[PDB]
file input-v1.csv (CSV, C-alpha atoms)
chain,number,residue,atom,x,y,z
A,1,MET,CA,-48.6,-6.6,-12.3
A,2,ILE,CA,-48.0,-10.2,-11.6
A,3,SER,CA,-45.4,-12.0,-9.4
A,4,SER,CA,-43.6,-13.8,-12.3
A,5,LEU,CA,-43.4,-10.5,-14.1
A,6,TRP,CA,-41.9,-8.7,-11.1
A,7,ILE,CA,-39.4,-11.5,-10.5
A,8,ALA,CA,-38.3,-11.4,-14.2
A,9,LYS,CA,-37.9,-7.6,-14.0
A,10,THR,CA,-35.6,-7.9,-11.0
A,11,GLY,CA,-33.6,-10.6,-12.9
A,12,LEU,CA,-33.3,-8.3,-15.9
A,13,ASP,CA,-32.1,-5.4,-13.7
A,14,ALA,CA,-29.5,-7.7,-12.0
A,15,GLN,CA,-28.2,-8.9,-15.4
A,16,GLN,CA,-28.1,-5.3,-16.7
A,17,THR,CA,-26.0,-4.3,-13.7
A,18,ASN,CA,-23.7,-7.2,-14.3
A,19,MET,CA,-23.3,-6.2,-18.0
A,20,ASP,CA,-22.5,-2.7,-17.0
A,21,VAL,CA,-19.9,-3.8,-14.6
A,22,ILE,CA,-18.3,-6.0,-17.3
A,23,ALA,CA,-18.3,-3.1,-19.8
A,24,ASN,CA,-16.7,-0.7,-17.2
A,25,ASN,CA,-14.0,-3.3,-16.4
A,26,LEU,CA,-13.3,-3.8,-20.1
A,27,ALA,CA,-13.3,0.0,-20.9
A,28,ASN,CA,-10.2,0.9,-18.8
A,29,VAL,CA,-8.1,-2.2,-19.5
A,30,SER,CA,-5.1,0.0,-20.0
A,31,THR,CA,-5.5,2.5,-17.1
A,32,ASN,CA,-2.4,2.4,-14.9
A,33,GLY,CA,-3.0,1.2,-11.3
A,34,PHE,CA,-6.7,0.3,-12.0
A,35,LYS,CA,-8.3,-2.3,-9.7
A,36,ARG,CA,-11.3,-4.1,-11.3
A,37,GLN,CA,-14.7,-4.5,-9.7
A,38,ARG,CA,-17.0,-7.5,-9.3
A,39,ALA,CA,-20.7,-7.5,-8.7
A,40,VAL,CA,-22.3,-9.7,-6.0
A,41,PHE,CA,-26.0,-10.4,-5.6
A,42,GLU,CA,-28.3,-12.1,-3.1
A,43,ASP,CA,-31.8,-13.3,-3.4
A,44,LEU,CA,-34.7,-11.4,-1.9
A,45,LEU,CA,-37.3,-12.6,0.6
A,46,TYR,CA,-39.7,-15.5,0.4
A,47,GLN,CA,-43.4,-15.6,0.9
A,48,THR,CA,-44.4,-18.6,3.0
A,49,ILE,CA,-47.7,-20.0,2.0
A,50,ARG,CA,-47.2,-23.0,4.3
A,51,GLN,CA,-44.7,-22.8,7.2
A,52,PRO,CA,-41.8,-25.2,6.8
A,53,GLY,CA,-41.7,-27.7,9.6
A,54,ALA,CA,-45.3,-27.0,10.6
A,55,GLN,CA,-47.3,-29.2,12.9
A,56,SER,CA,-49.8,-30.8,10.5
A,57,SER,CA,-51.3,-33.2,13.1
A,58,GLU,CA,-50.8,-34.4,16.6
A,59,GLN,CA,-47.4,-35.8,15.7
A,60,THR,CA,-46.8,-35.4,12.0
A,61,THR,CA,-44.7,-32.4,10.8
A,62,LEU,CA,-44.2,-31.1,7.3
A,63,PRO,CA,-40.8,-32.2,6.0
A,64,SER,CA,-40.8,-29.1,3.8
A,65,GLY,CA,-43.1,-26.1,3.5
A,66,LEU,CA,-44.3,-23.9,0.6
A,67,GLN,CA,-42.2,-20.9,-0.1
A,68,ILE,CA,-42.1,-18.6,-3.2
A,69,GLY,CA,-39.2,-16.4,-3.9
A,70,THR,CA,-39.4,-12.7,-4.6
A,71,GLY,CA,-36.4,-12.2,-6.8
A,72,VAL,CA,-32.7,-11.3,-6.7
A,73,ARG,CA,-31.2,-8.1,-5.3
A,74,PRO,CA,-27.6,-6.9,-6.2
A,75,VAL,CA,-26.1,-6.4,-2.8
A,76,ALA,CA,-22.7,-4.9,-3.7
A,77,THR,CA,-20.1,-4.0,-6.4
A,78,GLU,CA,-16.7,-4.4,-4.7
A,79,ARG,CA,-13.3,-3.6,-5.9
A,80,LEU,CA,-10.7,-6.4,-6.0
A,81,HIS,CA,-7.5,-5.0,-4.6
A,82,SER,CA,-5.2,-7.6,-6.1
A,83,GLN,CA,-1.6,-7.0,-7.2
A,84,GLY,CA,-1.3,-5.5,-10.6
A,85,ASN,CA,1.5,-6.3,-13.0
A,86,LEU,CA,4.5,-4.0,-13.5
A,87,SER,CA,6.1,-2.6,-16.7
A,88,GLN,CA,9.3,-0.8,-17.6
A,89,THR,CA,8.3,2.8,-18.3
A,90,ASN,CA,11.9,4.1,-17.7
A,91,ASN,CA,11.1,7.5,-16.2
A,92,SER,CA,13.0,9.0,-13.3
A,93,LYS,CA,9.7,10.3,-11.7
A,94,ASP,CA,7.7,7.1,-12.1
A,95,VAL,CA,7.2,4.9,-9.1
A,96,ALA,CA,5.3,1.6,-8.6
A,97,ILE,CA,4.2,0.2,-5.2
A,98,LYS,CA,4.6,-3.6,-4.7
A,99,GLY,CA,2.5,-5.1,-2.0
A,100,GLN,CA,-0.2,-3.0,-0.2
A,101,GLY,CA,-0.4,0.7,0.6
A,102,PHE,CA,-1.5,4.0,-0.9
A,103,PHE,CA,0.1,7.3,-1.7
A,104,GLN,CA,-1.6,10.1,0.2
A,105,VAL,CA,-2.8,13.3,-1.6
A,106,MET,CA,-4.4,16.6,-0.7
A,107,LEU,CA,-7.7,17.7,-2.3
A,108,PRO,CA,-8.1,21.4,-3.1
A,109,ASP,CA,-10.8,21.8,-0.4
A,110,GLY,CA,-8.4,20.4,2.2
A,111,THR,CA,-9.2,16.7,2.9
A,112,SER,CA,-7.0,13.8,2.0
A,113,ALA,CA,-7.5,11.2,-0.7
A,114,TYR,CA,-5.5,8.0,-1.4
A,115,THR,CA,-4.2,6.7,-4.7
A,116,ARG,CA,-2.4,3.8,-6.3
A,117,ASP,CA,-1.1,5.8,-9.3
A,118,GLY,CA,2.6,6.4,-9.8
A,119,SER,CA,2.9,9.0,-12.7
A,120,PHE,CA,4.4,11.7,-10.5
A,121,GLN,CA,5.1,15.1,-12.1
A,122,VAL,CA,6.3,18.5,-10.9
A,123,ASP,CA,4.2,21.6,-10.7
A,124,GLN,CA,5.4,25.0,-11.8
A,125,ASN,CA,6.7,25.8,-8.3
A,126,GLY,CA,8.7,22.6,-7.9
A,127,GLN,CA,6.4,20.5,-5.7
A,128,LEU,CA,5.9,16.9,-6.5
A,129,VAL,CA,2.3,16.7,-7.8
A,130,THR,CA,0.3,13.9,-9.5
A,131,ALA,CA,-1.5,14.0,-12.9
A,132,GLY,CA,-4.4,16.3,-12.2
A,133,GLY,CA,-2.9,19.0,-10.1
A,134,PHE,CA,-3.1,17.4,-6.7
A,135,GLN,CA,0.0,17.4,-4.6
A,136,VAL,CA,1.2,14.7,-2.2
A,137,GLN,CA,0.4,15.5,1.5
A,138,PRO,CA,3.9,15.3,3.0
A,139,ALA,CA,4.7,18.2,0.7
A,140,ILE,CA,7.9,17.0,-1.1
A,141,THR,CA,9.4,19.8,-3.3
A,142,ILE,CA,12.0,19.4,-6.0
A,143,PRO,CA,14.6,22.3,-6.1
A,144,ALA,CA,15.6,23.8,-9.4
A,145,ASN,CA,18.8,23.0,-11.3
A,146,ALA,CA,18.3,19.3,-10.4
A,147,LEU,CA,20.2,16.7,-12.3
A,148,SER,CA,18.6,13.5,-11.2
A,149,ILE,CA,16.0,12.4,-8.6
A,150,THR,CA,16.5,8.9,-7.1
A,151,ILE,CA,13.9,7.2,-5.0
A,152,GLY,CA,15.2,4.3,-2.9
A,153,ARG,CA,13.5,1.0,-2.1
A,154,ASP,CA,12.3,2.5,1.1
A,155,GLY,CA,10.7,6.0,1.4
A,156,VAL,CA,13.8,8.1,1.2
A,157,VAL,CA,14.1,10.3,-1.9
A,158,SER,CA,17.2,12.2,-2.9
A,159,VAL,CA,18.1,14.7,-5.5
A,160,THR,CA,21.5,15.6,-7.1
A,161,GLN,CA,22.4,19.2,-8.1
A,162,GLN,CA,25.2,20.3,-10.4
A,163,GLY,CA,27.9,20.1,-7.7
A,164,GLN,CA,28.6,19.1,-4.1
A,165,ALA,CA,29.6,15.6,-5.3
A,166,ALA,CA,27.0,14.0,-2.9
A,167,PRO,CA,23.2,13.6,-2.9
A,168,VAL,CA,21.0,15.6,-0.6
A,169,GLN,CA,17.9,14.1,1.0
A,170,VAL,CA,14.6,15.9,0.4
A,171,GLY,CA,11.9,14.0,2.1
A,172,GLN,CA,10.2,10.7,3.0
A,173,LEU,CA,7.4,9.1,1.0
A,174,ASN,CA,5.5,7.5,3.8
A,175,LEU,CA,2.5,5.4,2.6
A,176,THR,CA,-0.8,4.6,4.4
A,177,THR,CA,-2.7,1.4,4.7
A,178,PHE,CA,-6.2,0.5,5.8
A,179,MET,CA,-7.7,-2.4,7.7
A,180,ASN,CA,-10.3,-3.0,4.9
A,181,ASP,CA,-9.1,-1.7,1.5
A,182,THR,CA,-12.3,-3.0,-0.2
A,183,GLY,CA,-14.4,-0.6,1.8
A,184,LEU,CA,-12.8,2.5,0.3
A,185,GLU,CA,-15.2,4.3,-2.0
A,186,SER,CA,-13.8,5.4,-5.3
A,187,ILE,CA,-14.2,8.8,-6.8
A,188,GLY,CA,-13.2,10.3,-10.1
A,189,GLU,CA,-9.7,10.8,-11.6
A,190,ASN,CA,-8.3,7.6,-10.0
A,191,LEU,CA,-8.6,8.4,-6.3
A,192,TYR,CA,-9.9,6.8,-3.1
A,193,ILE,CA,-11.1,8.4,0.1
A,194,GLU,CA,-11.6,7.1,3.7
A,195,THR,CA,-15.0,5.9,4.8
A,196,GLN,CA,-16.4,4.1,7.8
A,197,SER,CA,-16.2,0.7,6.3
A,198,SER,CA,-12.4,0.9,6.1
A,199,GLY,CA,-10.5,1.5,9.3
A,200,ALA,CA,-8.6,4.6,10.2
A,201,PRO,CA,-5.5,5.0,7.9
A,202,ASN,CA,-2.2,4.0,9.4
A,203,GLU,CA,0.9,5.6,7.9
A,204,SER,CA,4.3,3.9,7.8
A,205,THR,CA,7.6,3.8,5.9
A,206,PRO,CA,7.7,1.2,3.0
A,207,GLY,CA,8.7,-2.3,4.0
A,208,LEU,CA,7.4,-2.1,7.6
A,209,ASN,CA,4.2,-3.4,9.2
A,210,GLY,CA,3.1,-5.1,6.0
A,211,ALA,CA,3.5,-2.1,3.7
A,212,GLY,CA,4.9,-2.6,0.2
A,213,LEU,CA,8.1,-1.3,-1.4
A,214,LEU,CA,8.7,1.5,-3.9
A,215,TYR,CA,10.3,0.7,-7.3
A,216,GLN,CA,11.5,3.7,-9.3
A,217,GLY,CA,11.0,3.8,-13.1
A,218,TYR,CA,8.1,1.3,-13.1
A,219,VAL,CA,4.3,1.6,-13.4
A,220,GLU,CA,1.5,-0.7,-12.3
A,221,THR,CA,-1.0,-1.8,-14.9
A,222,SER,CA,-4.6,-2.5,-14.3
A,223,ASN,CA,-5.6,-5.9,-12.8
A,224,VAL,CA,-8.0,-6.8,-15.6
A,225,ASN,CA,-7.7,-10.0,-17.7
A,226,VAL,CA,-9.3,-9.8,-21.1
A,227,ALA,CA,-9.6,-13.6,-21.4
A,228,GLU,CA,-12.4,-14.3,-19.0
A,229,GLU,CA,-14.2,-11.0,-19.6
A,230,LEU,CA,-15.4,-12.3,-23.0
A,231,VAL,CA,-16.8,-15.5,-21.6
A,232,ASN,CA,-18.5,-13.5,-18.9
A,233,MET,CA,-20.1,-11.4,-21.6
A,234,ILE,CA,-21.3,-14.6,-23.3
A,235,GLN,CA,-22.8,-15.9,-20.1
A,236,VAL,CA,-24.5,-12.7,-19.1
A,237,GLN,CA,-25.9,-12.3,-22.6
A,238,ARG,CA,-27.5,-15.7,-22.5
A,239,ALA,CA,-28.9,-15.1,-19.0
A,240,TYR,CA,-30.4,-11.8,-20.2
A,241,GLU,CA,-32.0,-13.5,-23.2
A,242,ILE,CA,-33.4,-16.2,-20.9
A,243,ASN,CA,-35.0,-13.6,-18.6
A,244,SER,CA,-36.5,-11.7,-21.6
A,245,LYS,CA,-38.0,-15.0,-22.9
A,246,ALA,CA,-39.5,-15.6,-19.4
A,247,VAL,CA,-41.1,-12.1,-19.6
A,248,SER,CA,-42.5,-13.0,-23.0
A,249,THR,CA,-43.9,-16.3,-21.8
A,250,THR,CA,-45.6,-14.5,-18.8
A,251,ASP,CA,-47.1,-11.9,-21.2
A,252,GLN,CA,-48.4,-14.5,-23.6
A,253,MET,CA,-49.9,-16.5,-20.7
A,254,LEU,CA,-51.7,-13.5,-19.3
A,255,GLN,CA,-52.9,-12.5,-22.8
A,256,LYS,CA,-54.4,-16.0,-23.4
A,257,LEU,CA,-56.0,-15.7,-20.0
A,258,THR,CA,-57.7,-12.4,-20.7
A,259,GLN,CA,-58.7,-13.4,-24.3
A,260,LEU,CA,-61.9,-14.7,-22.7
B,2,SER,CA,-21.5,-26.5,-19.3
B,3,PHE,CA,-19.6,-23.2,-18.9
B,4,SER,CA,-18.3,-24.3,-15.5
B,5,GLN,CA,-16.3,-27.2,-16.8
B,6,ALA,CA,-15.0,-25.3,-19.8
B,7,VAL,CA,-14.1,-22.1,-18.0
B,8,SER,CA,-12.0,-23.9,-15.5
B,9,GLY,CA,-10.2,-25.8,-18.3
B,10,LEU,CA,-9.8,-22.5,-20.1
B,11,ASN,CA,-8.0,-20.9,-17.1
B,12,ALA,CA,-5.8,-24.0,-16.6
B,13,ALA,CA,-4.6,-23.8,-20.2
B,14,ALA,CA,-3.8,-20.1,-19.7
B,15,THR,CA,-1.8,-20.7,-16.6
B,16,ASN,CA,0.2,-23.5,-18.3
B,17,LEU,CA,0.8,-21.1,-21.2
B,18,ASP,CA,1.7,-18.3,-18.8
B,19,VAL,CA,4.4,-20.4,-17.0
B,20,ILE,CA,5.9,-21.3,-20.4
B,21,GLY,CA,6.2,-17.7,-21.2
B,22,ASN,CA,7.9,-17.0,-17.9
B,23,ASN,CA,10.4,-19.9,-18.4
B,24,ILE,CA,11.1,-18.5,-21.9
B,25,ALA,CA,11.6,-14.9,-20.8
B,26,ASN,CA,13.9,-15.6,-17.9
B,27,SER,CA,16.4,-17.2,-20.2
B,28,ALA,CA,20.1,-16.1,-19.7
B,29,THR,CA,19.3,-15.2,-16.1
B,30,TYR,CA,22.0,-16.6,-13.8
B,31,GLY,CA,20.4,-17.8,-10.6
B,32,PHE,CA,17.2,-19.1,-12.2
B,33,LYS,CA,15.6,-22.5,-12.1
B,34,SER,CA,12.9,-23.3,-14.7
B,35,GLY,CA,9.4,-24.0,-13.3
B,36,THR,CA,6.5,-26.1,-14.5
B,37,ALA,CA,2.8,-26.3,-13.4
B,38,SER,CA,0.8,-29.4,-12.6
B,39,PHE,CA,-2.9,-29.9,-12.5
B,40,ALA,CA,-5.3,-32.3,-10.8
B,41,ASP,CA,-9.0,-33.1,-11.5
B,42,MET,CA,-11.8,-32.7,-9.0
B,43,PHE,CA,-15.0,-34.6,-8.7
B,44,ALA,CA,-17.7,-33.6,-6.2
B,45,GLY,CA,-19.1,-37.2,-5.7
B,46,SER,CA,-19.2,-39.6,-8.6
B,47,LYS,CA,-20.4,-39.2,-12.2
B,48,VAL,CA,-20.1,-35.4,-11.7
B,49,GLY,CA,-17.1,-33.4,-12.9
B,50,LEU,CA,-16.1,-30.0,-11.6
B,51,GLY,CA,-13.4,-29.2,-14.1
C,52,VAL,CA,12.4,-10.4,-16.3
C,53,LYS,CA,13.7,-7.0,-15.2
C,54,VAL,CA,17.2,-5.7,-16.1
C,55,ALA,CA,19.3,-4.9,-13.1
C,56,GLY,CA,21.5,-2.3,-14.9
C,57,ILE,CA,24.7,-2.8,-16.9
C,58,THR,CA,27.9,-3.9,-15.1
C,59,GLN,CA,31.3,-2.7,-16.1
C,60,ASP,CA,34.5,-4.8,-16.5
C,61,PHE,CA,37.7,-3.1,-15.3
C,62,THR,CA,40.2,-5.6,-16.5
C,63,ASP,CA,43.6,-4.2,-17.5
C,64,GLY,CA,44.1,-3.7,-21.2
C,65,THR,CA,47.3,-4.0,-23.2
C,66,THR,CA,49.9,-1.3,-23.1
C,67,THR,CA,50.8,-0.9,-26.8
C,68,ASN,CA,54.0,1.1,-27.4
C,69,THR,CA,52.8,3.9,-29.7
C,70,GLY,CA,55.8,6.2,-29.1
C,71,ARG,CA,55.7,9.9,-28.1
C,72,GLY,CA,55.8,11.2,-24.6
C,73,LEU,CA,52.4,12.4,-23.6
C,74,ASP,CA,50.8,9.0,-23.0
C,75,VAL,CA,50.7,7.0,-19.7
C,76,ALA,CA,49.3,3.6,-18.8
C,77,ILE,CA,48.4,1.9,-15.5
C,78,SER,CA,49.2,-1.8,-14.8
C,79,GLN,CA,47.0,-1.9,-11.7
C,80,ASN,CA,44.0,-0.2,-10.1
C,81,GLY,CA,43.8,3.6,-10.4
C,82,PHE,CA,41.9,6.4,-12.2
C,83,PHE,CA,43.3,9.7,-13.4
C,84,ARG,CA,41.6,12.7,-11.8
C,85,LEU,CA,40.2,15.3,-14.2
C,86,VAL,CA,38.4,18.6,-13.9
C,87,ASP,CA,36.4,20.6,-16.4
C,88,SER,CA,36.0,24.3,-17.1
C,89,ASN,CA,32.8,24.4,-15.0
C,90,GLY,CA,34.8,23.0,-12.0
C,91,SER,CA,33.2,19.5,-11.9
C,92,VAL,CA,35.5,16.6,-11.3
C,93,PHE,CA,35.6,13.6,-13.7
C,94,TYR,CA,37.6,10.3,-13.5
C,95,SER,CA,39.0,8.4,-16.5
C,96,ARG,CA,41.8,6.2,-17.8
C,97,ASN,CA,42.4,7.8,-21.2
C,98,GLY,CA,46.1,8.2,-21.9
C,99,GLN,CA,45.9,10.8,-24.7
C,100,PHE,CA,47.3,14.0,-23.4
C,101,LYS,CA,48.5,17.2,-25.1

call {"tool": "encode", "arguments": {"input": "input-v1.csv", "output": "structure tokens"}}
result
Amino acid sequence: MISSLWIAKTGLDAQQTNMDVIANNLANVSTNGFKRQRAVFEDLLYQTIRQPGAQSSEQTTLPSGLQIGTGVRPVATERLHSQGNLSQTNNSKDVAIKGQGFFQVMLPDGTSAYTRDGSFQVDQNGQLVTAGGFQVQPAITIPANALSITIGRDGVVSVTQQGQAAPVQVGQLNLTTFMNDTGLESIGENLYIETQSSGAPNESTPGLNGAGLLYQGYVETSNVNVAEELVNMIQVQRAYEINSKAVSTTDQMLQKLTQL
Amino acid sequence: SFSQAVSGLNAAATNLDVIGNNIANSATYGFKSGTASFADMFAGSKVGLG
Amino acid sequence: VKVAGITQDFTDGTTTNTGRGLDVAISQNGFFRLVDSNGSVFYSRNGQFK
């Protein structure tokens, strides 16, 4: 009902969003290939009681005006597409991507999503699918009676059968990049889809045009550091408590005003 | 006073991280041990930025 | 540190004279060619034959 109360409400909402972001980052500290998110704010408008630099007299100008802020608005919550660390999972069908790029995947309706995960499995029909049932767009299939599947540093993937004393090539794991990886909007089950903010995807073999490289038998851990999350929790808790105390002070002031 | 302390906290972590790297890459053949170095930063005078 | 796979050493051994007649040793490079029941081809240096 009053300007200070509304400003404090906006501050409380901003701190609540910050705490929610911190909690979400801390929750999936062990998800493979997870990219953390950071919240960015920006202050709202200002009511100008007296125009700054106004012409007070024939020659004198106000060195500074009178402006009252209206609060703080959370402008965005952006993913930080940094480089996650790698671990030794020692699986023939586990791949990690070093650098930048995404593995394409086909949604059941028909569109294409993009992922950073590497836990690749095989469906009942022998097609290379990811955890969740989605299958890679280039449609790589693994034939039966397969001894070992070897994925090179580049996109070539080969399989070995019982005989023939030589590997046979199956397909190419081309990966796609975007002009602005931050603009991709996330969806459930660890996927990303193209939007207007990011550019049109460009597909390439690994190691060319800035794309990364594939490492077989590895997996990429989330880019979340537990050390600074706790201190961020401390700071956000203190800020929230301060805003609540400001609300209390405003309420007490108003009550003592209306006690008349 | 979090700004001064948090920066110092990160600096200690980086120093500890490099030590772990130098202690894990032992017995590697073509390896040279690495160490980190720091440097203070003051905006003007009497004010510390960590 | 990542492990770059094990590496084998193919230095010649020592041809101990154990007698008998079904045992052969190689003093230079060379692998015996072997086949299994299923038809696959294996390579080895074992001198035990019967």

call {"tool": "interface_residues", "arguments": {"input": "input-v1.csv", "of": "chain B", "to": "chain A", "cutoff": "9 Å", "atoms": "only C-alpha atoms", "output": "list in words"}}
result
residues 3, 7, 10, 11 and 14 of chain B

call {"tool": "interface_residues", "arguments": {"input": "input-v1.csv", "of": "chain A", "to": "chain C", "cutoff": "12 Å", "atoms": "only C-alpha atoms", "output": "ChimeraX atom specification"}}
result
/A:86-90,161-165,215,217-218

call {"tool": "interface_residues", "arguments": {"input": "input-v1.csv", "of": "chain B", "to": "chain C", "cutoff": "10 Å", "atoms": "only C-alpha atoms", "output": "PDB file with C-alpha atoms, keeping the file's coordinate frame"}}
result
ATOM      1  CA  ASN B  22       7.900 -17.000 -17.900  1.00  0.00           C
ATOM      2  CA  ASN B  23      10.400 -19.900 -18.400  1.00  0.00           C
ATOM      3  CA  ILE B  24      11.100 -18.500 -21.900  1.00  0.00           C
ATOM      4  CA  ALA B  25      11.600 -14.900 -20.800  1.00  0.00           C
ATOM      5  CA  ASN B  26      13.900 -15.600 -17.900  1.00  0.00           C
ATOM      6  CA  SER B  27      16.400 -17.200 -20.200  1.00  0.00           C
ATOM      7  CA  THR B  29      19.300 -15.200 -16.100  1.00  0.00           C
TER       8      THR B  29
END

call {"tool": "residues_near_point", "arguments": {"input": "input-v1.csv", "point": "(48.1, 17.4, -27.5)", "cutoff": "10 Å", "atoms": "all atoms listed in the file", "output": "list in words"}}
result
residues 73, 74, 99, 100 and 101 of chain C

call {"tool": "closest_residue", "arguments": {"input": "input-v1.csv", "among": "A:170, A:27, A:224, A:211", "to": "residue 101 (chain A)", "atoms": "all atoms listed in the file"}}
result
A:211

call {"tool": "residues_around", "arguments": {"input": "input-v1.csv", "residues": "region 2-16 of chain A", "least_positions_apart": "4", "cutoff": "7 Å", "atoms": "all atoms listed in the file", "output": "MDAnalysis selection string"}}
result
chainID A and resid 20 70:74 236 240 243 246:247 250

call {"tool": "atom_distance", "arguments": {"input": "input-v1.csv", "atom1": "CA of residue 117 (chain A)", "atom2": "CA of residue 130 (chain A)"}}
result
8.2 Å

call {"tool": "residues_near_point", "arguments": {"input": "input-v1.csv", "point": "(41.6, -4.2, -17.4)", "cutoff": "10 Å", "atoms": "all atoms listed in the file", "output": "list in words"}}
result
residues 60, 61, 62, 63, 64, 65, 77, 78, 79 and 80 of chain C

call {"tool": "residues_around", "arguments": {"input": "input-v1.csv", "residues": "residue 2 (chain B)", "least_positions_apart": "3", "cutoff": "12 Å", "atoms": "all atoms listed in the file", "output": "MDAnalysis selection string"}}
result
(chainID A and resid 235) or (chainID B and resid 5:9 48:51)

call {"tool": "atom_distance", "arguments": {"input": "input-v1.csv", "atom1": "CA of residue 160 (chain A)", "atom2": "CA of residue 93 (chain A)"}}
result
13.7 Å

call {"tool": "atom_distance", "arguments": {"input": "input-v1.csv", "atom1": "CA of residue 59 (chain C)", "atom2": "CA of residue 167 (chain A)"}}
result
22.5 Å

call {"tool": "residues_around", "arguments": {"input": "input-v1.csv", "residues": "residue 229 (chain A)", "least_positions_apart": "3", "cutoff": "9 Å", "atoms": "all atoms listed in the file", "output": "NGL selection string"}}
result
:A and (22-23 or 25-26 or 224-226 or 232-234)

call {"tool": "build_atoms", "arguments": {"input": "input-v1.csv", "residues": "region 73-90 of chain C", "atoms": "N, CA and C atoms", "output": "PDB file, in the coordinates of the input"}}
result
ATOM      1  N   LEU C  73      53.571  11.989 -24.316  1.00  0.00           N
ATOM      2  CA  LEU C  73      52.400  12.400 -23.600  1.00  0.00           C
ATOM      3  C   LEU C  73      51.326  11.234 -23.651  1.00  0.00           C
ATOM      4  N   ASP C  74      51.681  10.103 -23.047  1.00  0.00           N
ATOM      5  CA  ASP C  74      50.800   9.000 -23.000  1.00  0.00           C
ATOM      6  C   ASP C  74      51.262   8.037 -21.868  1.00  0.00           C
ATOM      7  N   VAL C  75      50.382   7.748 -20.915  1.00  0.00           N
ATOM      8  CA  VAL C  75      50.700   7.000 -19.700  1.00  0.00           C
ATOM      9  C   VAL C  75      49.676   5.898 -19.507  1.00  0.00           C
ATOM     10  N   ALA C  76      50.128   4.724 -19.072  1.00  0.00           N
ATOM     11  CA  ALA C  76      49.300   3.600 -18.800  1.00  0.00           C
ATOM     12  C   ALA C  76      49.471   3.053 -17.429  1.00  0.00           C
ATOM     13  N   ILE C  77      48.426   2.438 -16.881  1.00  0.00           N
ATOM     14  CA  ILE C  77      48.400   1.900 -15.500  1.00  0.00           C
ATOM     15  C   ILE C  77      48.299   0.399 -15.588  1.00  0.00           C
ATOM     16  N   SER C  78      49.169  -0.304 -14.869  1.00  0.00           N
ATOM     17  CA  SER C  78      49.200  -1.800 -14.800  1.00  0.00           C
ATOM     18  C   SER C  78      48.385  -2.322 -13.653  1.00  0.00           C
ATOM     19  N   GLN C  79      47.707  -1.475 -12.886  1.00  0.00           N
ATOM     20  CA  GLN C  79      47.000  -1.900 -11.700  1.00  0.00           C
ATOM     21  C   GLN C  79      45.755  -1.003 -11.556  1.00  0.00           C
ATOM     22  N   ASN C  80      45.130  -1.047 -10.383  1.00  0.00           N
ATOM     23  CA  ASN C  80      44.000  -0.200 -10.100  1.00  0.00           C
ATOM     24  C   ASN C  80      44.374   1.249 -10.019  1.00  0.00           C
ATOM     25  N   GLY C  81      43.499   2.137 -10.485  1.00  0.00           N
ATOM     26  CA  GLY C  81      43.800   3.600 -10.400  1.00  0.00           C
ATOM     27  C   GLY C  81      43.143   4.359 -11.535  1.00  0.00           C
ATOM     28  N   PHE C  82      42.539   5.495 -11.195  1.00  0.00           N
ATOM     29  CA  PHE C  82      41.900   6.400 -12.200  1.00  0.00           C
ATOM     30  C   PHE C  82      42.520   7.743 -12.122  1.00  0.00           C
ATOM     31  N   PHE C  83      42.805   8.293 -13.299  1.00  0.00           N
ATOM     32  CA  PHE C  83      43.300   9.700 -13.400  1.00  0.00           C
ATOM     33  C   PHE C  83      42.152  10.613 -12.931  1.00  0.00           C
ATOM     34  N   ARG C  84      42.538  11.686 -12.253  1.00  0.00           N
ATOM     35  CA  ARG C  84      41.600  12.700 -11.800  1.00  0.00           C
ATOM     36  C   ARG C  84      41.569  13.847 -12.768  1.00  0.00           C
ATOM     37  N   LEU C  85      40.376  14.199 -13.236  1.00  0.00           N
ATOM     38  CA  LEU C  85      40.200  15.300 -14.200  1.00  0.00           C
ATOM     39  C   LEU C  85      39.179  16.259 -13.733  1.00  0.00           C
ATOM     40  N   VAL C  86      39.346  17.506 -14.166  1.00  0.00           N
ATOM     41  CA  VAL C  86      38.400  18.600 -13.900  1.00  0.00           C
ATOM     42  C   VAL C  86      38.067  19.274 -15.181  1.00  0.00           C
ATOM     43  N   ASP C  87      36.880  19.868 -15.234  1.00  0.00           N
ATOM     44  CA  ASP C  87      36.400  20.600 -16.400  1.00  0.00           C
ATOM     45  C   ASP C  87      36.479  22.063 -16.226  1.00  0.00           C
ATOM     46  N   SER C  88      36.001  22.797 -17.232  1.00  0.00           N
ATOM     47  CA  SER C  88      36.000  24.300 -17.100  1.00  0.00           C
ATOM     48  C   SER C  88      34.984  24.715 -16.068  1.00  0.00           C
ATOM     49  N   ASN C  89      33.840  24.041 -15.953  1.00  0.00           N
ATOM     50  CA  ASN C  89      32.800  24.400 -15.000  1.00  0.00           C
ATOM     51  C   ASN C  89      33.244  24.094 -13.543  1.00  0.00           C
ATOM     52  N   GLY C  90      34.298  23.303 -13.354  1.00  0.00           N
ATOM     53  CA  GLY C  90      34.800  23.000 -12.000  1.00  0.00           C
ATOM     54  C   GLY C  90      34.424  21.566 -11.562  1.00  0.00           C
TER      55      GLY C  90
END
